[PDB]
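Just the heavy atoms: all of them, side chains too, but no hydrogens, waters or symmetry mates, feed the values below. Residue numbers start at 1 and run along the sequence shown.
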Amino acid sequence: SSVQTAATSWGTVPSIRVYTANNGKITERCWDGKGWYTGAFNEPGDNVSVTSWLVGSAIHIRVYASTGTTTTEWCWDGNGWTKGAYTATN
Ligand SMILES: Cc1c(C)c2c3c4c1OP(=O)(O)Oc1c(C)c(C)c5c(c1C4)Cc1c(c(c(C)c(C)c1OP(=O)(O)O5)OP(=O)(O)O2)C3
Ligand SMILES: Cc1c(C)c2c3c4c1OP(=O)(O)Oc1c(C)c(C)c5c(c1C4)Cc1c(c(c(C)c(C)c1OP(=O)(O)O5)OP(=O)(O)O2)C3
Ligand SMILES: OC[C@@]1(O)OC[C@@H](O)[C@@H](O)[C@@H]1O
Ligand SMILES: OC[C@@]1(O)OC[C@@H](O)[C@@H](O)[C@@H]1O
Ligand SMILES: [Zn+2]
Ligand SMILES: [Zn+2]
Ligand SMILES: [Zn+2]
Ligand SMILES: [Zn+2]
């Protein structure tokens, strides 16, 4: 078995974020033009997907973390990771 990843990027530098699900936990690695460093994201999950969009130069990141049949959305909007309103019936 193997770790599972999800990736997003934005701009032309670019910024890149790679999320890795390992051991029921998702962590984050970051590229902003000058080497890979560890990001603030740390949430439970066996499976991860991600999307992001810009408003002007402000990134908005949504990470979908799944454990069992429960998927939780995590939101980055410039000032801390918050829990999003996403729900599903799995
Ligand atoms: C935590 C975890 C994940 C995230 C998994 C799988 C397993 C898993 O539980 P684990 O405790 O590792 O138990 C297993 C052990 C010990 C072995 C030896 C296994 C498998 C599993 C089951 C089956 C398995 C799985 C795979 C993939 C890609 C392979 C090749 C694969 O066969 P292989 O590695 O020979 O055989 O999918 P993936 O890794 O994404 O999903 C399924
Ligand atoms: C507790 C447990 C259950 C109930 C599972 C699975 C696993 C499992 O974890 P574990 O056995 O510790 O880790 C694995 C290990 C050590 C190996 C070598 C595995 C698998 C697993 C994953 C993958 C796997 C699973 C299967 C089936 C039918 C096969 C053939 C099957 O490939 P197999 O050649 O055995 O590879 O479904 P099953 O209903 O058994 O579901 C999936
Ligand atoms: O500059 C790094 C950082 O703030 O970028 C936005 C998000 O990816 C955060 O988790 C991360 O720590
Ligand atoms: O600002 C957070 C939020 O409203 O952003 C858009 C969607 O991701 C929603 O689920 C989420 O709660
Ligand atoms: Zn393996
Ligand atoms: Zn898988
Ligand atoms: Zn687990
Ligand atoms: Zn905004």
Side-chain angles (χ1 to χ4, degrees):
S1 98
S2 296
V3 300
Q4 188 256 311
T5 69
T8 194
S9 65
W10 62 92
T12 58
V13 172
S15 286
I16 313 169
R17 299 297 184 265
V18 179
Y19 302 87
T20 298
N22 186 20
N23 273 170
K25 289 166 55 163
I26 303 163
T27 55
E28 176 194 46
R29 292 285 278 168
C30 309
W31 175 268
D32 274 285
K34 281 302 190 273
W36 289 91
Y37 62 98
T38 297
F41 184 94
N42 191 311
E43 300 293 350
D46 294 323
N47 172 266
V48 60
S49 70
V50 64
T51 191
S52 67
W53 67 95
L54 286 166
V55 178
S57 42
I59 194 59
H60 295 84
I61 312 170
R62 297 298 182 268
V63 176
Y64 299 91
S66 298
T67 296
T69 55
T70 305
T71 296
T72 306
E73 176 190 47
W74 296 103
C75 309
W76 176 271
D77 306 278
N79 199 29
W81 284 98
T82 66
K83 183 190 253 143
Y86 175 90
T87 55
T89 304
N90 303 319

Transitively linked via ILVMFWY side-chain contacts under 4.5 Å: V13 with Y37?
-> no

Side-chain atoms of residues 19-30: list all donor-acceptor pairs with protein atoms under 3.5 Å, sequence neighbours left out, distances to 0.1 Å.
from, atom 1, to, atom 2, distance (Å)
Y19, OH, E28, OE2, 2.7
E28, OE1, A40, N, 3.3
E28, OE1, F41, N, 3.2
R29, NH1, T38, OG1, 3.1

Mind listing the closest non-hydrogen atom pair of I61 and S52 along with its distance?
-> CA-CB, 4.1 Å

Apart from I16 itself, residues in the same hydrophobic cluster as defined by side-chain heavy atoms under 4.5 Å = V18, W31, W36

What pairs of residues pass the salt bridge (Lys or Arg N to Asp or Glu O under 4.0 Å) test when at least one of them lies in residues 6-18, not counting sequence neighbours?
-> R17-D32

Contacts of type ring-ring contact (aromatic ring centres under 6.0 Å, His included), residue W76, not counting sequence neighbours | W81

Please identify each residue that fulfils salt bridge (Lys or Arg N to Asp or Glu O under 4.0 Å) with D77, with sequence neighbours left out.
-> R62

The single option from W53, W10, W74 passing ring-ring contact (aromatic ring centres under 6.0 Å, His included) against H60 = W53

Across all chains, not counting sequence neighbours, the side-chain hydrogen bond (donor to acceptor under 3.5 Å, both in side chains) partners of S49 are none

Heavy-atom nearest pair, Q4 first then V48, reads OE1-N, 2.7 Å

